[PDB]
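These notes are about the structure you will find just below.
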Ligand SMILES: NC(=O)c1ccc[n+]([C@@H]2O[C@H](COP(=O)([O-])OP(=O)(O)OC[C@H]3O[C@@H](n4cnc5c(N)ncnc54)[C@H](O)[C@@H]3O)[C@@H](O)[C@H]2O)c1
Ligand SMILES: NC(=O)c1ccc[n+]([C@@H]2O[C@H](COP(=O)([O-])OP(=O)(O)OC[C@H]3O[C@@H](n4cnc5c(N)ncnc54)[C@H](O)[C@@H]3O)[C@@H](O)[C@H]2O)c1
Ligand SMILES: NC(=O)c1ccc[n+]([C@@H]2O[C@H](COP(=O)([O-])OP(=O)(O)OC[C@H]3O[C@@H](n4cnc5c(N)ncnc54)[C@H](O)[C@@H]3O)[C@@H](O)[C@H]2O)c1
Ligand SMILES: NC(=O)c1ccc[n+]([C@@H]2O[C@H](COP(=O)([O-])OP(=O)(O)OC[C@H]3O[C@@H](n4cnc5c(N)ncnc54)[C@H](O)[C@@H]3O)[C@@H](O)[C@H]2O)c1
Ligand SMILES: NC(=O)c1ccc[n+]([C@@H]2O[C@H](COP(=O)([O-])OP(=O)(O)OC[C@H]3O[C@@H](n4cnc5c(N)ncnc54)[C@H](O)[C@@H]3O)[C@@H](O)[C@H]2O)c1
Ligand SMILES: NC(=O)c1ccc[n+]([C@@H]2O[C@H](COP(=O)([O-])OP(=O)(O)OC[C@H]3O[C@@H](n4cnc5c(N)ncnc54)[C@H](O)[C@@H]3O)[C@@H](O)[C@H]2O)c1
């Protein structure tokens, strides 16, 4: 309306950016200090206030406070210094906040559906004020980064993720809905806490759990549409793979942990090859770890191979996996699951009892660290790759840094700068002795999920096939310039995650349309112009009314 | 209404306290974490959080964020630890916040009137969303405590002041209005700060300034009534006195800086007399300082004296003042003003050039430190007094602690535990070589204004005479129990400022009616029941609609 | 929200129908009489009330007052007695209301755009409180039926028109937008009336007029979309045709006055052919009149013919027209326009000076009365036709009844019950000397536009081709059951216009998809289920919030 409510609403509050005319006309005069500020000035104010801040957590609390008060300024701010603000609002720090959730808590943020609510999920869904919701991010808080099961504190994740859907892709904030399904928590620490904000019960694993997810899926589509994008996040391996399969062809869904991961990784391996043009038949990849990330990446790698001329079987034979019980080999005592068998091959004559051994026995051309257990890519493992291959492809994806398999410096120096390196955690440029400076790239999931979400939404796509991620991967790598690829950059600078994201969305829409997966039909001729035109801008909208005379 | 709006309104918002029933029936189910908490658990969480807090400003930012999200909880917390929180929300920490204003600024909190809006102050005033305003606190921010002129940053004062009107007296927050008039600022640190939130101009001191205060005075009573309590604060000596003189008989107004000061001070003295019972005529009071506070406490002392059998001229002659220029003598080169004149006596035979000399030449039985210039109550002046009087009354009121004229330990030790001591800033017990524990009291204004504002509001009083303050002083001193005086306390424990404030309310109302100053006329027989029956409680209200069958 | 606002909103207001539960839980308990009624009792009360009503205008004022207080009830009532109410709400009574407008005026009901607001039409358009508008009906009020130019009083037309879009087709009322453009009025009775509610100026006919229609056309699609259904009505021949030509391929628009007329008419003829099966080439149609309606039905006949094996030139030659100036002959002094030209044939040897002569000289097998000038189908012309044709097709379409060319009794009696008859205005059975009951049908547009608007809306069609109307005509005629034709009905009973309208919807959608005219592409397999699944129901919705325990 007019007056105060205009200020108590973040979707409208312009704060001191309300002009004099607006303050006067809207009944705000006197309610704000005597100075009128522009959006530029407000961003400049926050930047300074955040600049002189210590912890990433306090930076988080402060910036998220800006979102609950002024959504336009908040995105302007976060878009003005996205490279550094992204890890605060999301990526690494959000996980710190999910730990303090309840202690740092100040104001709710999304939609909470508890197992106690079973049978009434649509009523809870109908309580969501937004009518035109296009992008939903769900989590049950069961697996938050390396923090484990945080219960309802996991809500901090979808919130931060959606923050990026908007900041990078330009997806409308009002059409985004963060959701957290509370079925209980297995984290005893939380259960004991009297300030815990969730169901005081152990994670319900009964059928009720499955039915509740079904209900929630149905309820969301019933009100918002069968094509409403629903992305699972931090669900817990078993549920994440099975729900992905169970719904992928029934709803517009996908799990970023499995597929976004798979695509960012593939994108790296693709930029590598653009360097060492060697027969795809000349590749053998070794995985340090055989879990969620490893499986998603293998599967998408295999798909890249097949589409190039190799059988499914052939593609999978060039992929080996080494988890905490050693090389995933046919018959081994340690058990192997469905998703793993395709990569569980016949034991070599020499069964390694060390990754370094495997690296020597199997002789892979590429190594991928997804074990999340420290520097397991020892100098012995490293130099044992630089010796085996002219240009070793080394991927240490385990986060946070302390968990990585190795640093960039380790990789580069130990390989005299002949390795193609990339990691999940950031590392600065490694300037060796000869003067060479190698700028390593970080394979962050944000390169993929935002542009893929927008493309699917703008094309009214109702089902997301894995082929869209291969397409996505390809689209990311195609962004890398010559010079970028010449300095060890297997990823475009995170500083332009925006145009990279649009470019990715544009390419993906072109793909959806050409493969009849799109349904917004008076089909655009210029898919670029199309996408570019539908991106939400953080610019403030003028509120004045059109007043004119009359002849 | 119901739904989100209910949560976005601090007056109604009860956070995790809304019951399941309320959430369901109100359209909130799903917008809040699946946990039901009590105001007790809530208070408990924020308390524990605040305990583990380092800096006070942080503490202030934290707690002021609760007040902007859940008013009830805020006052609940504030009242749960009144003594420790009052100084954060107001008393001393608030002044630190005013210097920060613009840096810490999260959301606006009061009504801003600028000399730019002259002629249109009513419009601004009509923008205030509350219709039944009973208590206004104004400031032009010209003299915030020791910080000086902080322009519009002075708003933090009326805001914190009012928090206490509510916290101690039970004055309904929705009937409180924090006001700040911006007529320019003389502070060059401000005029040059690009993120300053006020008018970039030197303080206007022309007729427009006076005209604007009148306009504001008329605009406020026009909308809310002529009996609307308007309290001035941190205005700057010349204006504070003259405006006090100019409207005290035209409106319902008072100046806590002048009048509330005179009452807590005077109430300390009255407390002392419970020990030193000698005739009032035998008193001689020497003031370290001759400013606003010296002239305030002095004039009120005179009245207590005059009302005790002394002519007004004699009363005046029992008081002496020593500013920076030395003893306020008749004829001194150092200029003397109209308000000091009555205390500028003829020069004694021995004119001191030092306060120690003065203490000697006049041998006052009472000394009041109000110069705000550090320890001017030298260990010698102290002892001088202990030798001139059996139980000397030493009042070191200058704040903050660093400006205090001396300390608890100082005074008590240098007097052997004979002196009766009081100070502006706090000091903990002073245990002596003989094991005698001496707990001094603090002369904080918060003792007077809360209970006095509520009495005036509830009686529909239209004017406040100094006699009302004399009565508050006597009402406060009557709160002192034998024991606390047996401990050195010249005031009741600040720990229970609530009841002390209510009891002062009941006292002053009784006096107002009895003196035909009250206008709420169906006059109560039990003034106690009357006051207590009208205090605002912090208890959450039930928001559940009445559902029942129809027989 | 809840409370009074819920009752002041016709969309939500359910009057005495709100349940006790809803009243209690919604804050209405006490604001409504202590009685709970059903929509059935409600409908029943207003029905009985309306039965005991004398004049139709009263009936209109009454019922239009229900629509402004309770939308659901309104459509419930309207649909409970569709045949008798349609003529009150629209068809004929509505025109009477337009003359009264300003006298009967209670509350505004649509969107008013004035030539005064040129350049600012978007602003006005943005003021419309509905965001998802699917159907707009525009009129400049230049030609309201027989009443002529009624300026802004023409608003009553789009309003009543739309009531039927909803009543018969099930098009959601909140997605309907009645529009009236005021560019001045030529009516002197209006220009002089001091209580006139429009612009006191003669109709603008300069470029500004054309410019304003464009502006309106662009402003409407700008906000709601390019596929937004915009229907023109009562515009005035020249404009209605030219604007129809100008935008039919630019926007999603049609003119019911031209196109809907041509379809009900033509659908009557098609019905007749179910009796007179002779080859289409053997048909000869003579028109009494050569205006908008004659040119509409003619052109659509041509298309049905052309699509049946006739060249377009021949089709045209099977039609003849007789305006006020006599037979439309080649060379006649009486001017002939571009639209009549194709039906202005070379003069026969015997040029009639009378329609009876014409009927003789051309011996048409079909005659259509569209001159709006009373009984021009003289008892002689009638018999002439009955002697020229075994079963002559006589269509007296001029309205109201007084302008009809002849009557049911007339035609049937003067033909011995051989003629196939249809009329614009209603006529009850015509029982004959032999006891043969002849129930004629009425060619009301309400047969076509409702079902056609819904088909176009649901298919996201962006343009409407005459072929769509040809299809509506064939879709309607297919509704006719043997029996009703056995009774003389050349159209289905207006009593069941609902299903007849839905069935026409399902038919036209099937045609739209099949001809690549639809754009809602996840194309339904069961178009019937698709249409029926999207009709708006008049049933009251439950407003009770979901309350339940937590196990
Ligand atoms: N974009 C990215 O950078 C990105 C994306 C997804 C996951 N990751 C990282 O991948 C790591 C693993 O994630 P996940 O979801 O696959 O986990 P997971 O728990 O599903 O699997 C971890 C695997 O590592 C193996 N492992 C653990 N300790 C080992 C050890 N000491 N020696 C050998 N193998 C060991 C386990 O057997 C297991 O198979 C995490 O650190 C995560 O940060 C990075
Ligand atoms: N052929 C055309 O180009 C055409 C046709 C009809 C209407 N329109 C215009 O489009 C508007 C209405 O169409 P629409 O809303 O379906 O848009 P759209 O068709 O351009 O977008 C397609 C889908 O993407 C979604 N979307 C767009 N931007 C989004 C964002 N930034 N964040 C999240 N989701 C987003 C929409 O909800 C929609 O479901 C109207 O204003 C109209 O002027 C264009
Ligand atoms: N309730 C309380 O405890 C309370 C209330 C009000 C004021 N105060 C304190 O009183 C002090 C002064 O307040 P004010 O508003 O009257 O100030 P003011 O500026 O109006 O007056 C200060 C006076 O002290 C004199 N002075 C300054 N330095 C001196 C020196 N070195 N030696 C002797 N005299 C000196 C000045 O001449 C001046 O007359 C402040 O520090 C304030 O904290 C305490
Ligand atoms: N004789 C009686 O005891 C009597 C007579 C009439 C009405 N009432 C009751 O009083 C209520 C309304 O009357 P009222 O509001 O004028 O009360 P009031 O007349 O008792 O209060 C006197 C004044 O003090 C103000 N006030 C009361 N509590 C306040 C608070 N906590 N904070 C700030 N200002 C406060 C009021 O606004 C009023 O101007 C009604 O609900 C009615 O039930 C009592
Ligand atoms: N669905 C229906 O039943 C329906 C639909 C549309 C129009 N109509 C009726 O058709 C009539 C005309 O509508 P229109 O919009 O085409 O009108 P119009 O003014 O555009 O055309 C009327 C034509 O009739 C001719 N005419 C007038 N008097 C004549 C006379 N005395 N003898 C011979 N010809 C004469 C005129 O020359 C003119 O060409 C109206 O009365 C209207 O009620 C019925
Ligand atoms: N494949 C499917 O069957 C499918 C796919 C996605 C969403 N949905 C459902 O559709 C709903 C929202 O989609 P939609 O509104 O675009 O529907 P829709 O796509 O089925 O309807 C097509 C068009 O017709 C309009 N429309 C429908 N009924 C109307 C009516 N009665 N009156 C006037 N206009 C009407 C709509 O506004 C839309 O522009 C959601 O609640 C969702 O559950 C169904």
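Protein chains in written order, with the entry's author numbering: chain B, 1023 to 1573; chain A, 23 to 573; chain A', 23 to 573. A prime marks a further copy of an entry chain.
Where is the CB? At the ideal position from N, CA and C, for every residue including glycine.
Neighbourhood of residue 175(A) by C-beta, 6 Å cutoff - its chain only, sequence neighbours within 5 removed: Within the second chain, the letter at position 153 stands for residue 175(A). Hits under 6 Å: 120, 123.
Enclosing beta strand (DSSP E) for residue 1345(B) [first to last residue]: Position 323 of the first chain, counting from 1, holds the residue named residue 1345(B). 1341-1345 is the span of the beta strand (DSSP E), which, as asked, contains residue 1345(B).
So residue 1145(B) contacts chain A; which residues on that side make the cut at Cβ distance below 9 Å? Taking the first chain and counting its residues from 1, the one referred to as residue 1145(B) is at position 123. Simply 46, 51, 52.
Among 338(A'), 305(A'), 309(A'), which residue has its Cα nearest to the Cα of residue 321(A')? Translated into the one-based positions of the third chain, residue 321(A') becomes position 299. Of the listed residues, the one whose Cα sits closest to residue 321(A') is 338(A').
Chain-ordered residues of the segment 89-110 of chain A' with a beta carbon less than 8 Å from chain A: none
Between the Cα of residue 488(A) and those of 507(A), 39(A), 288(A), spot the shortest distance and give me the residue it belongs to. As a first step, residue 488(A) is located in the second chain; it is residue number 466 there, counting from the start. Nearest option by C-alpha distance: 288(A).
At a threshold of 8 Å, does residue 557(A) count as lining ligand 6 (C-beta to nearest heavy atom)? Counted from its first residue, the second chain places residue 557(A) at position 535. Flag unset: Cβ of residue 557(A) not near ligand 6.
Shorter than 9 Å from the beta carbon of residue 138(A') to some beta carbon of chain B? Within the third chain, numbered from 1, the residue matching residue 138(A') stands at position 116. It does; some Cβ of chain B falls within 9 Å.
Residue 544(A') touches chain B at which residues, Cβ-Cβ below 9 Å? What you label residue 544(A') is simply residue 522 of the third chain in a count that begins at 1. Under the 9 Å cutoff, chain B gives 1248, 1249, 1482, 1484, 1541.
Taking residue 1573(B) as the query, report the chain A' residues whose CB atoms sit under 7 Å from its CB, ordered along the chain. Position 551 of the first chain holds residue 1573(B). 138, listed in chain order.
Indicate the three-state DSSP secondary structure (helix, strand or coil) for residue 508(A') in the structure shown. Residue mapping note: residue 508(A') aligns to position 486 of the third chain, counting from 1. Helix, per DSSP.
What residues in the segment 554-568 of chain A bring their beta carbon closer than 7 Å to a beta carbon of chain A'? 567, 568
Of all the CB atoms in chain B, is at least one closer than 9 Å to the CB of residue 149(A)? Position 127 of the second chain, counting from 1, holds the residue named residue 149(A). Interface residue, yes.
For ligand 4, is there a heavy atom less than 8 Å away from the beta-carbon of residue 109(A)? Taking the first residue of the second chain as position 1, residue 109(A) is located at position 87. Answer for residue 109(A): no, Cβ out of range of ligand 4.
Assuming residue 1390(B) and residue 1276(B) make a contact with CB atoms under 8 Å, what is their CB distance in whole Å? Here residue 1390(B) refers to the residue found at position 368 when the first chain is read from its first residue. Here residue 1276(B) refers to the residue found at position 254 when the first chain is read from its first residue. Not confirmed; about 22 Å, so no contact.
Using the three-state DSSP reduction, which class does residue 418(A') fall into: helix, strand or coil? Position 396 of the third chain, counting from 1, holds the residue named residue 418(A'). Residue 418(A') falls in the strand class under three-state DSSP.
Please report the residue range of the beta strand (DSSP E) in which residue 444(A) lies. In the second chain, residue 444(A) corresponds to position 422, counting from 1. Run containing residue 444(A): 442-445, per the beta strand (DSSP E) assignment.
Measure from the alpha carbon of residue 177(A) to the alpha carbon of each residue in 259(A), 117(A), 94(A), then state which is nearest. Working through the second chain from its first residue, we reach residue 177(A) at position 155. The shortest C-alpha separation from residue 177(A) is found at 117(A).
Applying the 10 Å Cβ sphere with the 16-neighbour rule, what's the burial state of residue 257(A')? By 1-based counting over the third chain, the position of residue 257(A') is 235. Buried is the call here.
Comparing the CB of residue 1076(B) with every heavy atom of ligand 1, is any distance shorter than 8 Å? Your numbering for residue 1076(B) matches position 54 in the first chain. It does not: the Cβ of residue 1076(B) is nowhere closer than 8 Å to a heavy atom of ligand 1.
Could you tell me if residue 1569(B) is buried or exposed, where buried requires 16 or more neighbouring beta carbons within 10 angstroms of its beta carbon? Locating residue 1569(B) in the first chain gives position 547, counting from the first residue. Exposed: under 16 other Cβ atoms inside 10 Å.
Hey, is residue 392(A') close to ligand 5, as in C-beta under 8 Å from one of its heavy atoms? Here residue 392(A') corresponds to residue number 370 of the third chain, with the count starting at 1. It does: the Cβ of residue 392(A') is within 8 Å (strictly closer) of some heavy atom of ligand 5.
Taking only beta-carbon positions, decide if residue 43(A) is within less than 9 Å of chain A'. Taking the first residue of the second chain as 1, we reach residue 43(A) at position 21. Interface residue, yes.
Kindly indicate the opening and closing residues of the beta strand (DSSP E) around residue 198(A'). Taking the first residue of the third chain as 1, we reach residue 198(A') at position 176. Start and end: 198-204.
Please compile the residues from chain A whose C-beta is within a distance smaller than 7 Å of the C-beta of residue 23(A'). By one-based count along the third chain, residue 23(A') stands at place 1. Near residue 23(A') (Cβ distances below 7 Å), the residues of chain A are 23, 24.
The beta strand (DSSP E) that contains residue 1136(B), what's its start and end? Position 114 of the first chain, counting from 1, holds the residue named residue 1136(B). Taken as a continuous stretch (DSSP letters only), the beta strand (DSSP E) holding residue 1136(B) covers 1133-1136.
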